[PDB]
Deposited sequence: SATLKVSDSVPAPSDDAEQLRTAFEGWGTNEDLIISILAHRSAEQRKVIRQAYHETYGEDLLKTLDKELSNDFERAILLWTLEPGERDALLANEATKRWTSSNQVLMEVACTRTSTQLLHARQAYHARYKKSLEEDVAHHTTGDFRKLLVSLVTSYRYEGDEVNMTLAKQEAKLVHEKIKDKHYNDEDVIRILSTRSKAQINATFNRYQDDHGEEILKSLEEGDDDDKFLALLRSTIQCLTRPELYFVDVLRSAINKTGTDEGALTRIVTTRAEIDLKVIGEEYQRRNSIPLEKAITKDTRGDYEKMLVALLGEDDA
């Protein structure tokens, strides 16, 4: 699942901070942070702030910034505050094409999303809800708002009878092309992930083709269905959603800014290893090589080091 390679023996935080201070005044910054855990790094900032009276991030936290720097920020922030920045940039420059709101909302557990929601308050004196329903429009808004306000139950419980009925209902709607039906929304927003897969297992048993296959009839450029599609991979098999965000960007075709870094850093300590496995399959090339393709500066180097393969 996780690719991050942590030292089975880590030094003292004050010493990591000292070296980092010196490295900040590259291969050293990577040899440390790209091999520490969420806590060990936390302490670092903490012990770093004590020593020099100055947060190592208040300096790198900025819009116009170098990709290597960006990769230092997103990764060094606590996972909760690292999503708040994303749960905030997506709303500033939002477009019906920006699915980064569904991503953070559907690829996160219940607790992790509570941290993001309990971090959008602190750093923004606002809620993630009000801003989402503030800057988004139409059906995209009804979905993005519905998804970001969820606090799903995370158990195994499966109501097979409800699974078929709603699978039936969602099935009828996909037929008439009502990809924006209120019911499809309610289900994929309040049911346990055990209930979402079980429903689609019913949708695939009681029909034949995978849910995503059903979608193969929507309008030519329907930008909402695209949101649904991801909300089907992000909630079912995230790794199978991340590989497709990687393949694009790496090809330089995507319209998502920072998709590459926004994913490596976030999933490194989660399911990056699976994502990677599911990557080589779709590309016939190890992700580490796809990234170190044409360029290999400190930024591409940090990206790969977070993948484990520091020397790719």
Deposited residues absent from the coordinates (by C-alpha): 26-30
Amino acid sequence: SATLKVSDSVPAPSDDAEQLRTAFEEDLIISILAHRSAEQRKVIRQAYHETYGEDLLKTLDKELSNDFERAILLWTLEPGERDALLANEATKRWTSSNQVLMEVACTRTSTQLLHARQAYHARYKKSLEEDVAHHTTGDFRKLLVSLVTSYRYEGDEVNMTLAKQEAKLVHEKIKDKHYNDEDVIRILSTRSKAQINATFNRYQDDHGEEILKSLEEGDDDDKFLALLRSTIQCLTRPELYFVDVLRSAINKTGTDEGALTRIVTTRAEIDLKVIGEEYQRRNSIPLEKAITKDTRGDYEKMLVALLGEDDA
From here on, numbers count along this sequence of modelled residues.
106-114 set against 208-216, stretch whose average Cα temperature factor tops the other in the entry: 208-216
63-71 or 259-267, whichever carries the higher mean Cα B-factor: 63-71
From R41, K58, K273, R247, residue of greatest CA B-factor: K58
Chain third (lowest, middle, highest) by recorded CA B-factor, residue given as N201: middle
Entry-reported Cα temperature factor of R21, expressed as the chain third it lands in: highest
Assigned third (lowest, middle, highest) for the C-alpha B factor of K168: highest
CA B-factor placement of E81, once the chain's modelled residues are sorted into thirds: middle
Position of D298 among the chain's modelled residues by C-alpha B-factor, lowest, middle or highest third: middle
